[PDB]
Each structure stands twice: as C-alpha cells, then as structure tokens.
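As structure tokens, the structure follows; a few thoughts come after it.
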Amino acid sequence: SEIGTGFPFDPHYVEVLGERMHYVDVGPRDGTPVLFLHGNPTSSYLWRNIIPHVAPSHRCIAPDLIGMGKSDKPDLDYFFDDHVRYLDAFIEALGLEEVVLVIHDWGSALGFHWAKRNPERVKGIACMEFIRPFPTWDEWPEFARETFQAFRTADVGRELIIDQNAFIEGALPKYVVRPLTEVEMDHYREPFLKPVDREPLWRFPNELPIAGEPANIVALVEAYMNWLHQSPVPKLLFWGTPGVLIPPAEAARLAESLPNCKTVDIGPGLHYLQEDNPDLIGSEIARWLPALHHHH
Ligand SMILES: [Cl-]
Ligand SMILES: [Cl-]
C-alpha cells in the first residue's frame with residue numbers, strides 16, 4: 001500500500017532542437033503507446049507509481065519537459081511556445097503515430113493543444129487537474145489566489161520562485177494532501193539545485209490563462225477546450241476533493257458536457273493527484289485502454 005519513492009526506470013535520451021530530452025520508455029513496441037505529460041514543477045518522477053499499472057499491456061513513454069527533470073537546460077525563456085516546439089519535436093523523433101495521452105497541468109495544455117492539432121492521432125485522453133481558462137481571478141481557487149498573484153510578477157514572483165525555490169519547497173507539497181517524504185522531495189529538488197535553472201518554474205505560472213492574460217495562452221486554451229467539448233475521443237477525468245484547478249463541481253459539469261467522458265473520484269486530492277492516489281489512477285487507466293484500440 002505504501003506509495004513508492006523509487007524511480008526504477010532506465011534512462012533514454014533523444015536529441016531534439018540541439019538539446020537532450022530524457023524519457024521513460026517501457027513496455028511492448030507493437031501497439032499504441034501511452035504518452036504521459038507532467039507539468040510544473042514536476043517530471044516523469046510524478047508518473048512513477050502509475051506507469052507500472054500500464055506497462056504490462058502498453059508502451060509507456062514519459063518525457064521530462066525541456067529544462068526539467070533529467071532533460072537539458074538551454075537558456076530559454078521557457079514560454080509555453082518553447083515547450084510546444086520541444087515536445088512536438090520529441091514526438092516526431094520517436095516516430096509516434098497514434099497515441100493515448102495521460103496528462104496533468106502544463107502537460108495537459110501541451111497534450112490538449114497537440115490533440116487539437118493532431119486529432120486523428122489521439123485514441124484517448126486521461127486527464128486530471130488540467131488547465132482551462134480562468135476568466136477572472138474569482139474563478140481561481142481562493143486559497144491559491146494570493147500565491148499565484150505574487151508569482152505572476154517580475155519582482156516578487158522571481159524572488160519567490162527563483163531565489164527561494166517556492167514552487168518546489170512550497171507549492172508542490174502544499175498541493176499534495178499526504179505528506180511528501182524527504183526522499184520524494186529530493187527527487188523533485190534535484191533538477192533545480194542551481195537557482196538559475198528555475199526559469200521554467202517562474203515562466204509557467206506567468207503563462208497560466210487567468211483574467212485574460214497572457215492573451216495568446218488564453219486564446220490557445222479556449223481553442224483546445226472548444227475542440228475537447230466537441231470531440232468524440234474517449235476521455236477519463238480523475239478528480240479529487242477539494243481539488244485545485246478542477247474542483248468537484250467542475251468535474252461533475254465536465255462529466256456532463258464533455259463527450260464520452262468517464263469521471264473517477266480519487267478521494268482526497270489537491271493538485272498533484274498522482275501523489276495521493278497513484279494506484280487508482282493507474283489501475284483505472286489500465287482497465288480503460290483496451291476498449292480504445294478498435295478503429296470505428
Ligand atoms: Cl506506489
Ligand atoms: Cl504553473
């Protein structure tokens with residue numbers, strides 16, 4: 001029952017756009033792969049206890065986003081658009097055709113954006129605590145409002161996130177219900193031991209589509225949500241209580257609005273649901289994959 005702290009996955013690397021990206025790659029190579037996309041400030045480590053449920057039946061590919069995890073650290077601005085370029089190039093470098101997406105946070109923005117642009121290549125989407133527009137600050141959860149309003153500044157936000165490592169030392173454990181252990185925290189800390197390497201951790205909250213800003217991300221996210229609401233693709237949406245980005249009432253709304261959507265209550269959860277109930281997330285993804293196979 002204890003949640004595993006180890007990362008028993010051999011490293012793989014691919015060079016795209018001048019830089020090495022690290023990824024997990026396990027499971028059979030003769031089927032449709034399952035592509036796992038983490039968000040901020042995590043890595044493929046976030047999927048460590050989910051992958052073992054899926055690997056028996058399906059290939060599992062879990063990249064570390066550029067600037068994160070064991071991937072290289074170019075001196076980028078780390079805008080969403082930078083992540084889009086790197087992940088698009090990663091997917092093509094691996095020769096992926098059709099996929100199943102398993103996505104969270106900025107990984108969900110990346111995944112939904114890729115799906116909208118490549119709808120014929122997505123067999124299913126399992127999602128959790130995903131990015132949607134927040135049209136005003138009042139739609140953002142109250143207990144994270146002042147935190148994220150401060151993150152979204154050039155002075156205080158850089159001080160908190162880059163100097164003081166607030167995304168790793170603060171937000172990450174705050175948005176897991178159970179206590180993270182020091183071993184787990186050290187795995188999350190490792191990429192960001194050098195303060196200068198924390199740029200992506202600050203740019204990400206500055207890219208969130210909140211209160212109309214930034215306008216490019218608001219438009220992009222509205223576009224993929226419009227696509228999602230019309231798409232017949234099978235969807236599996238995990239949610240927790242109280243949640244952060246997807247509170248229970250919003251999950252229930254989405255169950256009804258999104259086509260061919262199954263919702264799964266994970267129990268207690270805030271944002272990093274994978275750390276509170278990885279076994280239910282993994283076992284439910286695994287159970288749901290076979291019915292996606294057939295092309296109708
Ligand atoms: Cl576990
Ligand atoms: Cl963020």
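Ordered as shown in the structure tokens, chains take letters A, B, and onward, while each chain numbers its residues from 1 and ligands are numbered from 1 in the order shown.
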
TODO: Can you pull out every residue within 6 Å of region 152-167 of chain A, counting only C-alpha atoms, but drop anything in the same chain fewer than 6 positions away, and send it as a PyMOL selection string?
DONE: chain A and resi 195+198+202+206

TODO: Around ligand 2, at most 12 Å away and counting only C-alpha atoms and all ligand atoms, which residues are there? Put them as a ChimeraX atom specification, please.
DONE: /A:38-42,78-80,104-109,129-131,144,147-149,151-152,157,161,166-168,171-172,199-210,244-245,271

Which residues sit within 7 Å of ligand 1, counting only C-alpha atoms and all ligand atoms, listed as a compact mmCIF listing (two decimals) with N, CA and C atoms, in the first residue's frame?
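Final file, pocket02.txt:
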# COMPACT_ATOMS: atom_id res chain seq x y z
N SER A 1 0.81 -1.26 0.00
CA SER A 1 0.00 0.00 0.00
C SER A 1 0.83 1.30 0.00
N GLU A 2 1.97 1.28 0.71
CA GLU A 2 2.86 2.44 0.79
C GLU A 2 3.19 2.94 -0.61
N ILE A 3 3.17 4.25 -0.76
CA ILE A 3 3.44 4.84 -2.08
C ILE A 3 4.94 4.81 -2.35
N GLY A 4 5.30 4.25 -3.49
CA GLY A 4 6.71 4.03 -3.81
C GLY A 4 7.46 5.35 -4.01
N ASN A 49 4.55 5.75 -10.07
CA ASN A 49 3.69 4.73 -9.47
C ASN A 49 2.44 4.45 -10.27
N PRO A 278 -1.99 7.16 -6.60
CA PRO A 278 -1.47 6.64 -7.87
C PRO A 278 -2.07 5.30 -8.27
N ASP A 279 -2.39 4.43 -7.31
CA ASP A 279 -2.85 3.10 -7.70
C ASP A 279 -4.21 3.15 -8.38

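Shortest atom-to-atom contact with residue 255 (chain A) among A:273, A:17, A:196, A:236: A:236, counting only C-alpha atoms.
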
Task: Proximity to residue 212 (chain A) - best of A:280, A:115, A:136, A:224, only C-alpha atoms - done: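 Ranking A:280, A:115, A:136, A:224 by distance to residue 212 (chain A), first place goes to A:136.
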
- [ ] Could you tell me which of A:288, A:175, A:90, A:134 comes closest to residue 63 (chain A) if we count only C-alpha atoms?
- [x] A:90

Open item on the list: So that I can check the surroundings of residue 180 (chain A), please list as a list in words every protein, DNA and RNA residue that reaches within 10 Å of it, counting only C-alpha atoms and ignoring chain neighbours fewer than 5 positions away.
Closed with: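 Surrounding residues, per the criterion: residues 3, 5, 172, 173, 174, 185, 275 and 276 of chain A.
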
Could you write out that same residue set with N, CA, C and O atoms as a PDB file, in the first residue's frame?
ATOM      1  N   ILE A   3       3.170   4.254  -0.764  1.00  0.00           N
ATOM      2  CA  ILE A   3       3.441   4.839  -2.077  1.00  0.00           C
ATOM      3  C   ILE A   3       4.936   4.810  -2.349  1.00  0.00           C
ATOM      4  O   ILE A   3       5.747   5.266  -1.551  1.00  0.00           O
ATOM      5  N   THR A   5       8.689   5.392  -3.509  1.00  0.00           N
ATOM      6  CA  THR A   5       9.533   6.564  -3.675  1.00  0.00           C
ATOM      7  C   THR A   5      10.644   6.420  -4.721  1.00  0.00           C
ATOM      8  O   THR A   5      11.281   7.383  -5.076  1.00  0.00           O
ATOM      9  N   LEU A 172       4.480  22.664  -4.295  1.00  0.00           N
ATOM     10  CA  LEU A 172       4.448  21.235  -4.564  1.00  0.00           C
ATOM     11  C   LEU A 172       3.903  20.454  -3.364  1.00  0.00           C
ATOM     12  O   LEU A 172       2.863  19.767  -3.477  1.00  0.00           O
ATOM     13  N   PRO A 173       4.524  20.570  -2.177  1.00  0.00           N
ATOM     14  CA  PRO A 173       3.977  19.791  -1.072  1.00  0.00           C
ATOM     15  C   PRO A 173       2.633  20.352  -0.568  1.00  0.00           C
ATOM     16  O   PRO A 173       1.822  19.618   0.010  1.00  0.00           O
ATOM     17  N   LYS A 174       2.381  21.655  -0.729  1.00  0.00           N
ATOM     18  CA  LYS A 174       1.121  22.203  -0.280  1.00  0.00           C
ATOM     19  C   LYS A 174      -0.065  21.587  -1.038  1.00  0.00           C
ATOM     20  O   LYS A 174      -1.164  21.496  -0.503  1.00  0.00           O
ATOM     21  N   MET A 185      10.896  14.515  -1.978  1.00  0.00           N
ATOM     22  CA  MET A 185      11.287  15.900  -2.176  1.00  0.00           C
ATOM     23  C   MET A 185      12.657  16.013  -2.820  1.00  0.00           C
ATOM     24  O   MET A 185      12.851  16.857  -3.702  1.00  0.00           O
ATOM     25  N   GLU A 275       0.253  11.846  -6.511  1.00  0.00           N
ATOM     26  CA  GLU A 275       0.926  11.599  -5.245  1.00  0.00           C
ATOM     27  C   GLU A 275      -0.023  11.164  -4.154  1.00  0.00           C
ATOM     28  O   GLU A 275       0.414  10.571  -3.179  1.00  0.00           O
ATOM     29  N   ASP A 276      -1.327  11.426  -4.293  1.00  0.00           N
ATOM     30  CA  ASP A 276      -2.277  10.990  -3.292  1.00  0.00           C
ATOM     31  C   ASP A 276      -2.882   9.605  -3.607  1.00  0.00           C
ATOM     32  O   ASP A 276      -3.088   8.826  -2.688  1.00  0.00           O
TER      33      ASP A 276
END

Task: Filtered DSSP result for region 29-246 of chain A, state strand (DSSP E or B), as a count of residues only - done: 34

TODO: Tell me which protein, DNA and RNA residues are within 12 Å of residue 120 (chain A), counting only C-alpha atoms, leaving out same-chain ones fewer than 4 positions away, and put them as a VMD selection string.
DONE: chain A and resid 97 to 100 114 to 116 124 231 to 233 295

Atoms kept (N, CA, C and O atoms) for selection, written as a PDB file, in the first residue's frame:
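The result, written out as again-v3.pdb:
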ATOM      1  N   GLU A  97       2.938   7.657 -34.052  1.00  0.00           N
ATOM      2  CA  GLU A  97       1.834   7.900 -34.970  1.00  0.00           C
ATOM      3  C   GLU A  97       0.595   8.184 -34.107  1.00  0.00           C
ATOM      4  O   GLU A  97       0.392   9.322 -33.702  1.00  0.00           O
ATOM      5  N   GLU A  98      -0.199   7.171 -33.807  1.00  0.00           N
ATOM      6  CA  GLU A  98      -1.322   7.265 -32.857  1.00  0.00           C
ATOM      7  C   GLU A  98      -0.819   7.102 -31.428  1.00  0.00           C
ATOM      8  O   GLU A  98       0.105   6.328 -31.181  1.00  0.00           O
ATOM      9  N   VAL A  99      -1.460   7.770 -30.488  1.00  0.00           N
ATOM     10  CA  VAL A  99      -1.114   7.695 -29.078  1.00  0.00           C
ATOM     11  C   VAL A  99      -2.383   7.743 -28.238  1.00  0.00           C
ATOM     12  O   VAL A  99      -3.432   8.209 -28.678  1.00  0.00           O
ATOM     13  N   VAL A 100      -2.233   7.341 -26.987  1.00  0.00           N
ATOM     14  CA  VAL A 100      -3.129   7.675 -25.892  1.00  0.00           C
ATOM     15  C   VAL A 100      -2.402   8.672 -24.997  1.00  0.00           C
ATOM     16  O   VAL A 100      -1.236   8.478 -24.704  1.00  0.00           O
ATOM     17  N   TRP A 114      -1.729  19.592 -28.591  1.00  0.00           N
ATOM     18  CA  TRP A 114      -1.264  18.645 -29.613  1.00  0.00           C
ATOM     19  C   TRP A 114      -2.440  17.874 -30.209  1.00  0.00           C
ATOM     20  O   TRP A 114      -2.492  17.646 -31.397  1.00  0.00           O
ATOM     21  N   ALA A 115      -3.350  17.433 -29.351  1.00  0.00           N
ATOM     22  CA  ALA A 115      -4.537  16.688 -29.785  1.00  0.00           C
ATOM     23  C   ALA A 115      -5.396  17.495 -30.745  1.00  0.00           C
ATOM     24  O   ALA A 115      -5.825  16.988 -31.789  1.00  0.00           O
ATOM     25  N   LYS A 116      -5.640  18.761 -30.418  1.00  0.00           N
ATOM     26  CA  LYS A 116      -6.426  19.601 -31.310  1.00  0.00           C
ATOM     27  C   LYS A 116      -5.789  19.717 -32.677  1.00  0.00           C
ATOM     28  O   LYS A 116      -6.467  19.705 -33.705  1.00  0.00           O
ATOM     29  N   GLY A 124      -7.356   8.353 -27.119  1.00  0.00           N
ATOM     30  CA  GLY A 124      -7.983   8.535 -25.823  1.00  0.00           C
ATOM     31  C   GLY A 124      -7.201   9.570 -25.064  1.00  0.00           C
ATOM     32  O   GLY A 124      -6.004   9.738 -25.312  1.00  0.00           O
ATOM     33  N   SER A 231     -15.252  16.891 -29.346  1.00  0.00           N
ATOM     34  CA  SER A 231     -14.544  15.700 -29.793  1.00  0.00           C
ATOM     35  C   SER A 231     -15.173  14.429 -29.251  1.00  0.00           C
ATOM     36  O   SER A 231     -15.445  14.345 -28.062  1.00  0.00           O
ATOM     37  N   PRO A 232     -15.331  13.398 -30.095  1.00  0.00           N
ATOM     38  CA  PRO A 232     -15.841  12.126 -29.581  1.00  0.00           C
ATOM     39  C   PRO A 232     -14.792  11.245 -28.909  1.00  0.00           C
ATOM     40  O   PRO A 232     -15.118  10.145 -28.445  1.00  0.00           O
ATOM     41  N   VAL A 233     -13.555  11.709 -28.812  1.00  0.00           N
ATOM     42  CA  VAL A 233     -12.489  10.879 -28.273  1.00  0.00           C
ATOM     43  C   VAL A 233     -12.826  10.419 -26.861  1.00  0.00           C
ATOM     44  O   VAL A 233     -13.303  11.219 -26.068  1.00  0.00           O
ATOM     45  N   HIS A 295     -10.528   0.674 -34.255  1.00  0.00           N
ATOM     46  CA  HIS A 295     -10.863   1.890 -35.003  1.00  0.00           C
ATOM     47  C   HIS A 295     -12.156   1.739 -35.767  1.00  0.00           C
ATOM     48  O   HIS A 295     -12.237   0.952 -36.716  1.00  0.00           O
TER      49      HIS A 295
END

Task: Counting only C-alpha atoms, the option among A:83, A:128, A:293, A:92 closest to residue 265 (chain A) - done: A:128

Task: Of the listed residues A:103, A:15, A:235, A:269, that which approaches residue 256 (chain A) most closely, counting only C-alpha atoms - done: A:235

Task: helix (DSSP H, G or I) positions in region 106-202 of chain A, given as a ChimeraX atom specification - done: /A:106-117,119-121,137-139,142-151,156-163,166-174,182-192,195-202

So that I have them on file, write out the residues from the current selection with C-alpha atoms, as an mmCIF file, in the first residue's frame.
data_model
loop_
_atom_site.group_PDB
_atom_site.id
_atom_site.type_symbol
_atom_site.label_atom_id
_atom_site.label_comp_id
_atom_site.auth_asym_id
_atom_site.auth_seq_id
_atom_site.Cartn_x
_atom_site.Cartn_y
_atom_site.Cartn_z
ATOM 1 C CA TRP A 106 1.033 22.192 -18.211
ATOM 2 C CA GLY A 107 1.280 18.657 -19.557
ATOM 3 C CA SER A 108 -2.435 18.885 -20.211
ATOM 4 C CA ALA A 109 -2.112 22.230 -22.017
ATOM 5 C CA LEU A 110 0.593 20.609 -24.140
ATOM 6 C CA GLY A 111 -1.394 17.435 -24.671
ATOM 7 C CA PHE A 112 -4.724 19.079 -25.493
ATOM 8 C CA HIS A 113 -3.000 21.521 -27.816
ATOM 9 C CA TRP A 114 -1.264 18.645 -29.613
ATOM 10 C CA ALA A 115 -4.537 16.688 -29.785
ATOM 11 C CA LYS A 116 -6.426 19.601 -31.310
ATOM 12 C CA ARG A 117 -3.748 19.922 -33.966
ATOM 13 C CA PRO A 119 -6.946 14.760 -33.690
ATOM 14 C CA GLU A 120 -6.652 11.673 -35.875
ATOM 15 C CA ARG A 121 -3.644 10.556 -33.847
ATOM 16 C CA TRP A 137 -9.405 35.751 -10.553
ATOM 17 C CA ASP A 138 -12.589 34.823 -8.714
ATOM 18 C CA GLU A 139 -12.684 31.556 -10.690
ATOM 19 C CA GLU A 142 -9.329 31.311 -3.184
ATOM 20 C CA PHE A 143 -6.659 29.558 -1.129
ATOM 21 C CA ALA A 144 -4.168 29.808 -4.033
ATOM 22 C CA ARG A 145 -5.104 33.273 -5.201
ATOM 23 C CA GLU A 146 -2.595 35.458 -3.376
ATOM 24 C CA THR A 147 0.188 32.883 -4.022
ATOM 25 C CA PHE A 148 -0.322 32.909 -7.792
ATOM 26 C CA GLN A 149 -0.962 36.671 -7.971
ATOM 27 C CA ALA A 150 2.503 37.136 -6.383
ATOM 28 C CA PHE A 151 4.101 34.503 -8.654
ATOM 29 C CA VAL A 156 8.249 39.310 -6.123
ATOM 30 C CA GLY A 157 7.493 36.253 -8.311
ATOM 31 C CA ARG A 158 11.106 35.803 -9.344
ATOM 32 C CA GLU A 159 12.221 36.299 -5.755
ATOM 33 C CA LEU A 160 9.831 33.625 -4.509
ATOM 34 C CA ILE A 161 10.255 31.070 -7.276
ATOM 35 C CA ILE A 162 13.841 31.508 -8.437
ATOM 36 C CA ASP A 163 15.626 32.705 -5.253
ATOM 37 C CA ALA A 166 8.900 28.416 -3.587
ATOM 38 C CA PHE A 167 7.388 26.218 -6.300
ATOM 39 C CA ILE A 168 9.377 23.193 -5.137
ATOM 40 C CA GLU A 169 9.569 23.836 -1.395
ATOM 41 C CA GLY A 170 6.124 25.456 -1.060
ATOM 42 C CA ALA A 171 3.522 24.818 -3.731
ATOM 43 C CA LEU A 172 4.448 21.235 -4.564
ATOM 44 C CA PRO A 173 3.977 19.791 -1.072
ATOM 45 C CA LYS A 174 1.121 22.203 -0.280
ATOM 46 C CA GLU A 182 12.295 13.758 2.088
ATOM 47 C CA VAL A 183 13.310 11.142 -0.472
ATOM 48 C CA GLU A 184 10.455 12.241 -2.723
ATOM 49 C CA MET A 185 11.287 15.900 -2.176
ATOM 50 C CA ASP A 186 14.929 15.237 -3.065
ATOM 51 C CA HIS A 187 13.866 13.669 -6.384
ATOM 52 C CA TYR A 188 11.812 16.792 -7.146
ATOM 53 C CA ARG A 189 14.597 19.125 -5.951
ATOM 54 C CA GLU A 190 17.374 17.554 -7.996
ATOM 55 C CA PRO A 191 16.790 19.348 -11.332
ATOM 56 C CA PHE A 192 16.642 22.750 -9.624
ATOM 57 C CA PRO A 195 18.733 28.717 -8.660
ATOM 58 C CA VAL A 196 19.356 29.992 -12.207
ATOM 59 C CA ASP A 197 17.918 26.729 -13.572
ATOM 60 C CA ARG A 198 14.485 27.614 -12.082
ATOM 61 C CA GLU A 199 13.386 29.810 -15.039
ATOM 62 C CA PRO A 200 10.697 27.368 -16.261
ATOM 63 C CA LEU A 201 9.193 27.246 -12.793
ATOM 64 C CA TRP A 202 8.562 31.016 -12.879
#

List the neighbours of residue 274 (chain A) out to 8 Å using only C-alpha atoms; skip same-chain residues closer than 6 positions along the sequence, and give me the result as a PDB file with C-alpha atoms, in the first residue's frame.
ATOM      1  CA  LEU A  46       5.372  12.118 -10.990  1.00  0.00           C
ATOM      2  CA  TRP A  47       4.238   9.107 -13.037  1.00  0.00           C
ATOM      3  CA  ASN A  49       3.688   4.732  -9.468  1.00  0.00           C
ATOM      4  CA  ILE A  50       1.183   4.967 -12.341  1.00  0.00           C
ATOM      5  CA  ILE A 281      -5.216   6.394 -11.359  1.00  0.00           C
TER       6      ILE A 281
END
